[PDB]
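Q: Just the first chains of my complex for now:
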Amino acid sequence: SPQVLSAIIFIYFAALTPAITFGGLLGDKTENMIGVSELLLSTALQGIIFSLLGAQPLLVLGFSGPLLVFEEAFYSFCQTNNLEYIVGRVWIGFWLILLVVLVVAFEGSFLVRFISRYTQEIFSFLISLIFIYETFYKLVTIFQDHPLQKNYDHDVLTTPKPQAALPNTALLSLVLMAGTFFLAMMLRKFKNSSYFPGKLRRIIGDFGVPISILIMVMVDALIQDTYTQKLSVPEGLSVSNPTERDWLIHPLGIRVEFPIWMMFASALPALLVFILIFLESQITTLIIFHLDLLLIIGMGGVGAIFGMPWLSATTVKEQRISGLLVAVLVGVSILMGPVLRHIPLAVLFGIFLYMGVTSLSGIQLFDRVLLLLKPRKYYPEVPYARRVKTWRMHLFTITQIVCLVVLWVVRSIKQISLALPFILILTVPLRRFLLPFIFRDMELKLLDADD
């Protein structure tokens, strides 16, 4: 049917846009171990093996920011002490497996009843802040790798990586990253404009991210005499750096024996995986049970066997075939390596920043963070700003900002890390115990009352 023909490409683009950029981000946050080929394959089988078994086969299992934060933190920790990033993570997966049985025997979704706005708008807000900060850290690395000079050197080999500073890169990349973001923002506003009649508009506006990558892929295509960093994509059905990893992974290590005292001490880096996948797994279920989430947990654990990052829930009869088709198309997408390698990394990072910005404006916390600076004579009329004293509003925002700073500090120091979720989850008692001691109940039902 014509409806399906359009819907399947719509969902295909919506699901393919984040995967490639996250694969590139992982390719840079690690040496080259985890990239696009395995990640794009990670969600390929996952689609079908969730569509076959699932309460809601209309959902999409994409890759989310918090998971990436956890893996980059793990890589940072994995380098403080000599450890194999791939191999150790594998054991984490096995630990997840034994957590599956303990919840299959008896449900453990009680915490869903204790999750509120104070928690999911301080956590998501932090994610929208790590995305913006992440792209500004790359400019520093670029300016140090290719510093601005006027002499340079002749004929530097660059096939594996630029061996020395060369011109037209430190600030060409800046143009490329700042161009995609600008075009994406303009098309986002286009979708919410009055140019062109109705549907004939939103057909293109709804494809802003998929469309605002090709313009400046062509830009790099038309500029070939200047080198730019691009994606690291191996051949079809192949693992990037096949001399460093294989499809089948040996738990005892590939090159160096994995330390003995790590086999059974990997429980801690696994319950946190479970917590992160759990918290995000209910935000996307409020659009409208236990087995649906337990399958996701076990299947993410399975993904740790051959070396694929685990997936997480995302946004949204013939229900089965939709997931079937999206999964098979994603799987076949990895055969376009020769044309997929022309995409430069700065374009992906610009799309990443665009993701980090749009997700920020939808959070209701920011709408009052700005009001803090706003003078108290232009406040918008919302039924939580006229029934509450003005000098009490700013106090709540300060209570949230202090927690935000506390969370940020932990994410900054390299030594003490991998505990951001542990320090974040204990904010729920702060909301359930400390907050009811300072604010009145009839006032608190308007600041952090989730709908």
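A: That came through fine. Numbering: from 1, shown residues only, chains lettered A, B, ... in the order given.
Q: Domain boundaries for chain A, per the record?
A: By the record's domain assignment, chain A is partitioned as A:2-340, A:363-444 (automatic domain parsing).
Q: Could I get these in CSV, plus columns for mean neighbour count?
A: Yep, even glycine has a C-beta here, placed from its N, CA and C like the rest. Compiled in CSV, the domains of chain A are given as follows (neighbours: other Cβ atoms under 10 Å):
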stretch, mean neighbour count
domain A:2-340, 16
domain A:363-444, 13
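Q: Which stretch among those domains approaches residue A:451 most closely?
A: domain A:2-340 (8.6 Å; Cβ to Cβ).
Q: What is the end-to-end distance of that closest one?
A: End-to-end span of domain A:2-340 (Cα to Cα, to the nearest Å): 29 Å.
Q: on that earlier part again, so which of the domains of chain A gets nearest residue A:357?
A: Closest approach to residue A:357 among these is made by domain A:2-340 (7.0 Å; Cβ to Cβ).
Q: ok now that closest one, how far from the chain's centre?
A: Domain A:2-340 sits 6 Å away from the centroid of its parent chain (Cα atoms, centre = their mean, to the nearest Å).
Q: For residue A:360, give me its contacts.
A: A:125, A:128-129, A:132, A:366 (Cβ atoms under 8 Å, 6 or more residues apart in numbering).
Q: Please convert the domains of chain A to TSV, extending it with distance to residue A:351.
A: Below are the domains of chain A laid out as TSV (distance: least, Cβ to Cβ, whole Å):
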stretch	distance to residue A:351
domain A:2-340	5
domain A:363-444	20
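Q: Those domains: which one's closest to residue A:355?
A: Closest approach to residue A:355 among the domains of chain A (Cβ to Cβ): domain A:2-340, 6.2 Å.
Q: And for the residue nearest in space to the middle of chain A, nearest residue in space, chain neighbours not counted?
A: In chain A, the centroid-proximal residue (Cα atoms, centre = their mean) is residue A:65; its distance is 2.1 Å. Leaving aside its chain neighbours, residue A:65 sits nearest to residue A:127 (4.6 Å; criterion: Cβ to Cβ, 6 or more residues apart in numbering).
Q: mind listing what that neighbour touches?
A: Residue A:127 touches A:65-66, A:69, A:356, A:359, counting by Cβ under 8 Å, 6+ apart.
Q: and the gap between it and residue A:439?
A: 26 Å (Cβ to Cβ, to the nearest Å).
Q: Is it correct that residue A:229 is in contact with residue A:346?
A: Yes. Using Cβ atoms under 8 Å, residue A:229 makes contact with residue A:346 at a distance of 7.5 Å.
Q: between those two, what contacts are shared?
A: Listed as contacting both residue A:229 and residue A:346 by Cβ under 8 Å, 6+ apart are residue A:173.
Q: next helix or strand past the helix or strand containing the residue nearest to residue A:65?
A: Taking DSSP states H and E as the definition, one finds residue A:127 inside helix A:117-145. Later in the chain than helix A:117-145, the nearest helix or strand by DSSP H and E is helix A:172-191.
Q: what's next to that following helix, contact-wise?
A: Under Cβ under 8 Å, 6+ apart, the answer for helix A:172-191 is A:135, A:139, A:142, A:201-202, A:204-206, A:208-209, A:211-213, A:215-216, A:219-220, A:226, A:228-229, A:344, A:346-347, A:349-351, A:353-354, A:357-358.
Q: Likewise for stretch A:310-318?
A: A:4, A:42-43, A:46, A:58-64, A:66-67, A:93, A:273, A:276-277, A:280-281, A:283-285, A:287, A:296, A:299-301, A:303-304.
Q: For the nearest residue to residue A:169 once chain neighbours are set aside, what are phi and psi?
A: Closest residue in space to residue A:169, ignoring its immediate chain neighbours: residue A:146 at 4.7 Å, by Cβ to Cβ, 6+ apart. Main-chain dihedrals, residue A:146, degrees, to the nearest 10: phi -130, psi 70.
Q: same structure, new chain, call it chain B:
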Amino acid sequence: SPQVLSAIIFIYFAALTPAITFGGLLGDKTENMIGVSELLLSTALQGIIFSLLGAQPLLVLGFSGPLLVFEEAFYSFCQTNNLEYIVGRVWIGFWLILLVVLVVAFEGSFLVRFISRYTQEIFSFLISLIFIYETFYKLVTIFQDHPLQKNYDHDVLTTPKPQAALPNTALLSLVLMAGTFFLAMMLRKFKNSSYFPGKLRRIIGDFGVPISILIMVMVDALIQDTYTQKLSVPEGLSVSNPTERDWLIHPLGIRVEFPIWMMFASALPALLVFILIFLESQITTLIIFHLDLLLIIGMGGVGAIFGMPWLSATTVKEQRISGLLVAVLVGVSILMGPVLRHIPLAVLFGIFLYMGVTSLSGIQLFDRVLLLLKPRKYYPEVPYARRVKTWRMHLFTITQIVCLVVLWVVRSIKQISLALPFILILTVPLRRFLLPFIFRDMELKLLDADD
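A: Let me put chain B in with the others:
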């Protein structure tokens, strides 16, 4: 008084912002003959010698876009046949002088009664289109002067001008031009926002252009190892390229005798100067007369004696001292050459584009040019869109677009030029004779009825 102390700096910045950028534009549109030192001095004496004698001493005599268009057209024509740009223009000034007497004897401001919206919104709209097109022509010249490569050469001398292509310029300039414009737009929106209380906001917002040049002057200051094109400013009270021109100009030429058959055939390039200065001289007088304009005409003619471009009217008791002070400060401003030469040209061109954009949104013609593309179900409610048939509105815009294209073609071809004003003024009969034959009087009083 404190009021004066703030007002004088306010007007000083408002009058100094356009002069520097126009001087740079002239420095590039000519070899180096006319630049900033003489132009910034051109309006220095002019301020006092108009404040002393003038009907409204509160006005400001700045440099406008159409005049610059005329001078660049004259330079283009001056190169088709071997002629001295400075010397020939001098004679034009003398011609303007004899036009002064003919109008002093009897007034000639009749055409003011025949100027309407159809004329000053098709002319100003074009000006806002050259400004945008002008800055996009420079990128082509830059990419041809410094093409993108990866080998380049070592140690190129650049003191008078870059003798060969060097890195970090073809697209650094792009960052610099696109940065000032973005910041200026953001601060323009800042002035129309609700951040910060009332006046404490608009004090900075009203200085958007003066403030959004220093940030990225500092950017170039912090990047000194990469060369960028900058202003050509000579020492204090000196003419740029003093081996090519002097303060006192000899009408028979400096290096080559000026052709004889040009002395008395320069009337045509002078009546057009008069027409351009006339048409703009009434748009700024409708905010609420002959000698006031005749003085401007004669004084612009005087400016052609020592080699300064003529000035034109612009936007807006102690009235005298304001002009006195603004003039003396402008005159003294030319002593800051050592610090004024650090400003790069791309910054000035970005400010030029900003000027070309803001002036575009204020024209009521554009507000319906966009409606042409708008579907006929979101039209704004203005008392000229509900009393007129929709299919008749687009016709008027087409009648204006065809004239716009006709005007653009003339400005494009190099051979046939210097006649844009001649072909534009005869649009007034088109408005007074052709238009009343196709549209009804009771319908025409809502499309081009000036207030």
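Q: back to the contacts of helix A:172-191, now that we've got chain B?
A: Residues outside helix A:172-191 that contact it (Cβ atoms under 8 Å, 6 or more residues apart in numbering or on different chains): A:135, A:139, A:142, A:201-202, A:204-206, A:208-209, A:211-213, A:215-216, A:219-220, A:226, A:228-229, A:344, A:346-347, A:349-351, A:353-354, A:357-358, B:171, B:174-175.
Q: name the helices or strands packed onto whichever helix or strand comes after that helix?
A: Using DSSP H and E, the helix or strand that follows helix A:172-191 towards the C-terminus is helix A:198-205. In terms of contacts (3 or more Cβ pairs under 8 Å, 6 or more residues apart in numbering or on different chains; DSSP states H and E), helix A:198-205 is packed against helix A:172-191.
Q: Give me the angle between the helix it packs on and helix A:117-145.
A: Orientation check (axes from the mean of the first three to the mean of the last three Cα atoms, to 10 degrees): helix A:172-191 against helix A:117-145 gives 150 degrees.
Q: Now helix A:172-191 - C-alpha only, PDB.
A: In PDB, the C-alpha atoms belonging to helix A:172-191 read as follows (Å, rounded to 0.1, in the frame of the first residue of the first chain):
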ATOM      1  CA  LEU A 172      37.500  24.100   7.500                       C
ATOM      2  CA  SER A 173      36.200  21.500  10.000                       C
ATOM      3  CA  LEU A 174      34.700  24.500  11.900                       C
ATOM      4  CA  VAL A 175      32.800  25.600   8.800                       C
ATOM      5  CA  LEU A 176      31.600  22.100   8.200                       C
ATOM      6  CA  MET A 177      30.300  21.500  11.700                       C
ATOM      7  CA  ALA A 178      28.700  24.900  12.000                       C
ATOM      8  CA  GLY A 179      27.000  24.600   8.500                       C
ATOM      9  CA  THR A 180      25.000  21.400   9.200                       C
ATOM     10  CA  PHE A 181      23.700  22.700  12.500                       C
ATOM     11  CA  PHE A 182      22.600  26.000  10.900                       C
ATOM     12  CA  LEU A 183      20.800  24.300   8.000                       C
ATOM     13  CA  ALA A 184      19.200  21.800  10.400                       C
ATOM     14  CA  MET A 185      17.900  24.700  12.600                       C
ATOM     15  CA  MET A 186      16.600  26.500   9.500                       C
ATOM     16  CA  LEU A 187      14.800  23.500   8.300                       C
ATOM     17  CA  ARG A 188      13.400  22.800  11.800                       C
ATOM     18  CA  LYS A 189      11.900  26.300  11.700                       C
ATOM     19  CA  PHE A 190      10.800  25.600   8.100                       C
ATOM     20  CA  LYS A 191       8.700  22.700   9.400                       C
END
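Q: ok and that helix relative to helix A:198-205, angle-wise?
A: Put simply, helix A:172-191 runs at 160 degrees to helix A:198-205, going by the same axes, to 10 degrees.
Q: Look up how far residue B:345 lies from the residue of the stretch 151-300 of chain A found nearest chain B.
A: Ranked by Cβ to the nearest Cβ, the top residue of the stretch 151-300 of chain A for proximity to chain B is residue A:167, at 3.3 Å. Distance check for residue A:167 against residue B:345: by Cβ to Cβ, it reads 21 Å.
Q: Could you tell me which residues make contact with the closest residue to residue A:241 other than its chain neighbours?
A: In this structure, residue A:241 finds its nearest non-sequential neighbour in residue A:32, 5.2 Å apart by Cβ to Cβ, 6 or more residues apart in numbering or on different chains. By Cβ under 8 Å, 6+ apart, the contact set of residue A:32 is A:232, A:240-241, A:244.
Q: if I've got this straight, residue A:32 is in a strand?
A: No. Under DSSP: H, G, I helix; E, B strand; the rest coil, residue A:32 falls outside any strand and is assigned coil.
Q: by contact count, what packs against the strand or helix carrying residue A:322?
A: Taking DSSP H and E as the criterion, residue A:322 maps to helix A:319-332. With contacts taken as 3+ Cβ pairs under 8 Å, 6+ apart, helix A:319-332 sits against helix A:2-29, helix A:37-51.
Q: what's next to the helix or strand just after that helix, contact-wise?
A: The helix or strand immediately downstream of helix A:319-332 is helix A:337-340, counting by DSSP H and E. For helix A:337-340, the surrounding residues in contact (Cβ under 8 Å, 6+ apart) are A:20, A:36-37, A:231, A:233-236.
Q: Cool, thanks, signing off.
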